[PDB]
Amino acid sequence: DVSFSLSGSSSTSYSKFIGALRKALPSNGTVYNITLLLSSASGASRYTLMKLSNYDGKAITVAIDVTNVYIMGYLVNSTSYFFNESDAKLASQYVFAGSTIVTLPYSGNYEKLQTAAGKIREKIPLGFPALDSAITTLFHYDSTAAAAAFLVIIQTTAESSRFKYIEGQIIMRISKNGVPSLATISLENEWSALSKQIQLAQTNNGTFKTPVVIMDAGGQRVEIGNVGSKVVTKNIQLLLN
């Protein structure tokens, strides 16, 4: 398993945690020196567990699908909570054995979580304090605030593992929460498209078959057309397969 403790945390310990999470995910090699995730996996081996503890030391354990870095659900005390989607129902057959299972009233999809939370990612502050609050919400399972808590946790763990830029954004917000940058949102939105295009580029002299539009540090549209881009060389850390 991997773990992150907010108590005693620093930029250094957070980066160690994100690095450990990246290292915990199996590969079928690399493409342009970027880890390629597995296309398929079986049973319990399809998951890695991530223990998260708040400032007060209260802990939850989150299950991640290694094929796509999607969060499946989590365990607190003797109760597990899984997203309402087939891949998470599958996960419930293999992890947190012996727990009492609760099916959440939403899938782990951003659109569904945002509808459930009554607010879009763009307006939800992120940072170490936001992570603390999110863990607390899930620890007590406040059903009215859980969707928002998942939105914070997903971005602070999975999205951060996928993009060095997002890891940096969380680090900027260690002391004071802030809503995600437009760049953060675009990278999250385009992860699967970037993953696809980078793999196609291998046999196309490094050129994407279809451009991918990201946003920069000022929200300006930037069209990514080849593997020379900084998004490919010094940002993306995991490719969907």
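Throughout, we count residues from 1 along the sequence that is shown.
Higher average CA B factor: 105 to 113, of the stretches 105 to 113 and 72 to 80.
Checked against the record, the higher mean CA B factor of 120 to 128 and 155 to 163 lies with 120 to 128.
Each of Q169, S86, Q93, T144 has a CA temperature factor in the record; the biggest one is found at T144. Within the listed group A183, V66, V213, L52, the record reports its top CA B-factor for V213. For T61, the recorded CA B-factor ranks within the lowest third of the chain. Only modelled residues enter the ranking. Annotation for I18: CA B-factor lies in the lowest third of the chain's modelled residues.
The deposited CA B-factor of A44 belongs to the lowest third of values across its chain. In this PDB entry, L36 carries a Cα temperature factor that places it within the middle third of its chain's modelled residues. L187 sits in the lowest third of its chain by CA B factor, as recorded in the PDB entry.
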